[PDB]
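> below you'll find the sequence and an experimental structure to go with it.
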Amino acid sequence: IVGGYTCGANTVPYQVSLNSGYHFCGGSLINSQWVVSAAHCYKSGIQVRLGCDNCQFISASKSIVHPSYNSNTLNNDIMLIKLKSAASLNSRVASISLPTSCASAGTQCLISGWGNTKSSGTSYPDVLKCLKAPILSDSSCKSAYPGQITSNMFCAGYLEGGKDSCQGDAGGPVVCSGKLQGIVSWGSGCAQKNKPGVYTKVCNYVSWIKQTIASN
């Protein structure tokens with residue numbers, strides 16, 4: 001996260017880290033046995049780390065990539081991880097829910113992760129970083145990224161640059177009024193002018209998520 005702030009411990013309880021000998025992606029705990037993340041974060045035998053600001057280690061029993069995921073365009077960039085054992089959440093603030101409807105343009109959301117904090121150079125933080133950002137209109141998103149924005153993507157952030165998610169944040173949450181509306185996916189560099197973050201549009205997948213959970 002570039003241009004964001006230190007979240008604080010126990011402030012984003014649904015944020016997880018995906019680990020393969022190192023932190024490589026984020027994810028969102030949506031119930032005690034399932035994590036939502038990006039399809040381009042798929043690896044076999046992922047270890048999920050939960051409740052760790054800088055603490056639970058739970059292996060994936062399986063990681064299910066969307067059947068229409070396109071690794072070239074990152075269309076349908078969503079994955080469901082089933083945990084081998086149930087996660088034990090700590091603080092009893094309300095947790096996140098799947099959306100019942102899509103979020104409208106202009107909606108304010110919270111984006112979080114342990115990714116790069118610099119626009120140029122390399123600086124991975126030890127503690128979780130947070131960013132508040134609005135969802136941008138579909139037309140502005142398509143103008144920023146001609147030919148690359150599908151109905152399964154939305155842009156969020158700031159056109160003037162300076163505030164964005166970044167490498168190391170993929171798979172992580174975009175939460176708007178308690179609903180998981182986005183997944184950190186891609187962008188052109190980080191926090192660059194007229195290049196906002198691009199996010200998987202979770203509301204388009206709620207039927208698939210519910211069916212995947214039911215059948216596995």
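Structure received. Numbering: from 1, shown residues only.
> from here on, contacts and neighbour counts on C-alpha atoms
Fine.
> now the helices for this protein?
138-144, 206-214 (DSSP state H).
> highest mean neighbour count out of those?
helix 138-144 (a mean of 17; mean count of other C-alpha atoms under 10 Å).
> which strands and helices lie in contact with that one?
strand 153-156 (3 or more C-alpha pairs under 8 Å, 6 or more residues apart in numbering; DSSP states H and E).
> who are the packing partners of the strand it packs on?
helix 138-144, strand 197-201.
> need the CA coordinates for that strand. PDB is fine.
Output of strand 153-156 as PDB, limited to C-alpha atoms (Å, rounded to 0.1, in the frame of the first residue of the first chain):
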ATOM      1  CA  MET A 153     -13.200  -5.200 -12.800                       C
ATOM      2  CA  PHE A 154     -13.500  -1.900 -11.200                       C
ATOM      3  CA  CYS A 155     -11.000   0.900 -10.600                       C
ATOM      4  CA  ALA A 156     -10.500   2.600  -7.200                       C
END
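> how far does it sit from the chain's center?
12 Å (C-alpha atoms, centre = their mean, to the nearest Å).
> rewinding a little: out of the helices of the chain, nearest to residue 38?
helix 206-214 (13.0 Å; C-alpha to C-alpha).
> can you say which of the helices and strands packed on strand 153-156 is nearest to residue 27?
So among these, strand 197-201 is nearest, using C-alpha to C-alpha, at 12.4 Å.
> would you map the strands across this structure?
5-6, 15-19, 23-31, 34-37, 47-50, 56-65, 79-83, 108-113, 129-134, 153-156, 173-176, 179-186, 197-201 (DSSP state E).
> look up how far residue 215 lies from the residue nearest to the spatial centre of the chain.
Closest residue to the average C-alpha location of the chain: residue 172 at 2.3 Å, with C-alpha atoms, centre = their mean. From residue 172 across to residue 215, the span is 24 Å (C-alpha to C-alpha, to the nearest Å).
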